[PDB]
Amino acid sequence: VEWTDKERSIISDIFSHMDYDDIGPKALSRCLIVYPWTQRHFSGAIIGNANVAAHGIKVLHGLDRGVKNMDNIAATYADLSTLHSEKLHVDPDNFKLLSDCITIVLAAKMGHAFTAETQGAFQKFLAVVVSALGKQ
Amino acid sequence: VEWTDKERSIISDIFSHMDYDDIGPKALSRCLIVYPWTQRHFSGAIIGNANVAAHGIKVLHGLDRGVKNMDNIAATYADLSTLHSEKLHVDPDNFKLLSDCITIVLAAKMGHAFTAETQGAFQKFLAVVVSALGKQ
Amino acid sequence: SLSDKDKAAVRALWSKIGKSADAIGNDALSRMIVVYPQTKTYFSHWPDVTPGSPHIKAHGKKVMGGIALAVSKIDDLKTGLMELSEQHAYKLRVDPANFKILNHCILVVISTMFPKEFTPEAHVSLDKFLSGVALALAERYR
Amino acid sequence: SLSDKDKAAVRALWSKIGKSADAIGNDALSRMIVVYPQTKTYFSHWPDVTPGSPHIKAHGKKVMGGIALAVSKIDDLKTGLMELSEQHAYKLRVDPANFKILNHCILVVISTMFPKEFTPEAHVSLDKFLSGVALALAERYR
Ligand code: HEM
Ligand code: HEM
Ligand code: HEM
Ligand code: HEM
């Protein structure tokens, strides 16, 4: 993918002011409430469950890993891809759904700072990261 | 993207036994009928219209192009890509639709020779080709 | 939603195609599993889950039995498939994203078998009919 | 389809949100245009197709007016939105795939302005509602 310096700045800015313990859990809770069928991947109220909060955090950290390697993104996730694919049995579609939830939770955090230009950069980044994850 | 020799073999074999003047118009005819809204790019009957027949053929000739450059697809269509978006204003969702129509028409001509393995390889091809088109 | 002509097209087609329902379900199920591996997991409890398999073959029969059902209840799919929906959602817990995939494979197979009857017109109506079926199946997920 | 809990959920939210309908329509429409350039075509006849623009600000009022209409006709979206479906499919010939997009942008905007209001529970019902609107709007395409 092609990145502009502006996009590098924006994504870096967002992830350096993000609070993982807050955004992480909220973004996963929302996905499990809005798209109930994803729940089958946590077979053991949803907003208070510590195991959910835990993977929510892991997800954001997994993304942070991509923010540092914006140029070598496919390789960076190859392993995590197999994890979700071959072993956890995740439907590739579920990644795109979580993607939207993360965007919505972030927008409610940054409020008026989540300008259209910021949305553009953040979504393009999640896109590349979702393809990589649903490719192996 | 990764290609196995077996795949390279089917995709190549598929395109050499295919009569373009036949598959081209039928695939486009069908798409224009099954998904009516794509008809607004040929406003300047459907099954008999020569302008539609002609573009259907051009489509197959453009796919043939990417068959000759399997390890260089995104680059091979960068020109066609900008034409359909910049000038033609074709919604990228429309490539997804035409993709399925070609599969269905091809499936009717090859009959039972159109195995699940043949299908898988041919769909993977169009998937990659559609990505390079709706990307720019 | 399905129109009067859409409904008559589907019935007309089903009247010709119906006799090969079992064969259609087997082939369609094989293609889905193969062409889209991600769907194999739902059938892992079966010993042999390959094209030839007797479990796929048995299940291809129930699937088409479900299509035959929808065809009968075509005037109200939502209440007609309330059961299958409740089942795939809470019991099998199948991801709703896969219904379009199976629909696509069924279309391919029908082209494969009845190229002469599966005209573009038939295709329009059968497609809307299957979108309706997928929509009704997704009914009890949220 | 929307349940009584969904219908109640949307009315409750809308009563807190409705006052800012015009703000929401403008912001949402601006975002769509910037984030999904592909949708710039349909508004190409306007002189100023940018965030500030008086045409965008004007049209946003109408789009939200359509949503307000959908809220009233919630019990029957298909017939309540028939005319608008007619208009987008034949007069404007707007590709139907874009309704998903605008719906996404509106959800983001509502999230941006009413973060305390837009709970996961409201979200599920509003998403079901917006999908139904998208579905009603595609009614007359094929
Ligand atoms: C935005 C994309 C995602 C990222 C970056 C991500 C990242 C991660 C990471 C870093 C782990 C821990 C690895 C380990 O223990 O070796 C993990 C585990 C897991 N992920 Fe994800 N994930 C993502 C999406 C999803 C989705 C959509 C689902 C389906 C709801 C899912 C389900 C799981 C499951 C079931 C586990 C094991 C649970 C556990 O933590 O014990 N993940 N993920
Ligand atoms: C499967 C992908 C497609 C391929 C490979 C393809 C290829 C082509 C080519 C080679 C041209 C000729 C332009 C020239 O002379 O420079 C063209 C033109 C055009 N295409 Fe496509 N196309 C595809 C999909 C589509 C779709 C989905 C639409 C919308 C239904 C569309 C609409 C048009 C229009 C309106 C023109 C200009 C008229 C013409 O010269 O026939 N194309 N396309
Ligand atoms: C055209 C849409 C579909 C129809 C009409 C349909 C119909 C059925 C029927 C009739 C049953 C039989 C169970 C019983 O009588 O109690 C069933 C079972 C099942 N279905 Fe579906 N189905 C559809 C799509 C799917 C999809 C897309 C998947 C998974 C990717 C799926 C997965 C299953 C599984 C795993 C079972 C249980 C198999 C077994 O252990 O017997 N179905 N379905
Ligand atoms: C949330 C779903 C939508 C609603 C409720 C909606 C509503 C409306 C309404 C009420 C009009 C009124 C014009 C008049 O007074 O007759 C209109 C016009 C229009 N809409 Fe939509 N619309 C929606 C989605 C879309 C989408 C996705 C697009 C394409 C990106 C679109 C493109 C247009 C265009 C091009 C016009 C004509 C504008 C002009 O020239 O004045 N609409 N819409």
# chains A, B, ... in the order shown; residues from 1 in each chain; ligands from 1
>>> residues_near_ligand(ligand="ligand 1", cutoff="9 Å", atoms="only C-alpha atoms and all ligand atoms", output="PyMOL selection string")
chain A and resi 28+31-32+37-43+51-52+54-66+77+80-81+83-84+87-99+102+126+129-130+133
>>> interface_residues(of="chain D", to="chain B", cutoff="8 Å", atoms="only C-alpha atoms", output="JSON, numbers by chain")
{"D": [38, 41, 89, 93, 94, 95, 97, 141, 142]}
>>> atom_distance(atom1="CA of residue 132 in chain B", atom2="CA of residue 120 in chain C")
27.9 Å
>>> residues_near_ligand(ligand="ligand 4", cutoff="6 Å", atoms="only C-alpha atoms and all ligand atoms", output="PyMOL selection string")
chain D and resi 39+42-43+62-63+66-67+92+94+98-99+102-103
>>> select_by_dssp(residues="chain D", states="alpha helix (DSSP H)", output="JSON, numbers by chain")
{"D": [4, 5, 6, 7, 8, 9, 10, 11, 12, 13, 14, 15, 16, 17, 21, 22, 23, 24, 25, 26, 27, 28, 29, 30, 31, 32, 33, 34, 35, 54, 55, 56, 57, 58, 59, 60, 61, 62, 63, 64, 65, 66, 67, 68, 69, 70, 71, 72, 77, 78, 79, 80, 82, 83, 84, 85, 86, 98, 99, 100, 101, 102, 103, 104, 105, 106, 107, 108, 109, 110, 111, 112, 113, 120, 121, 122, 123, 124, 125, 126, 127, 128, 129, 130, 131, 132, 133, 134, 135, 136, 137, 138]}
>>> interface_residues(of="chain C", to="chain D", cutoff="12 Å", atoms="only C-alpha atoms", output="list in words")
residues 1, 2, 3, 5, 6, 78, 79, 121, 123, 124, 125, 127, 128, 129, 131, 132, 135, 136, 137, 138, 139, 140, 141 and 142 of chain C
>>> closest_residue(among="A:111, A:74, A:4, A:105", to="chain B", atoms="only C-alpha atoms")
A:74
>>> atom_distance(atom1="CA of residue 116 in chain D", atom2="CA of residue 112 in chain A")
14.2 Å
>>> residues_around(residues="range 120-125 of chain B", least_positions_apart="4", cutoff="12 Å", atoms="only C-alpha atoms", output="number ranges by chain")
A: 135; B: 1-15, 63-71, 73-74, 96, 98-104, 106-107, 114-116, 129-132; C: 30-37, 104-105, 108
>>> atom_distance(atom1="CA of residue 29 in chain A", atom2="CA of residue 68 in chain D")
28.9 Å
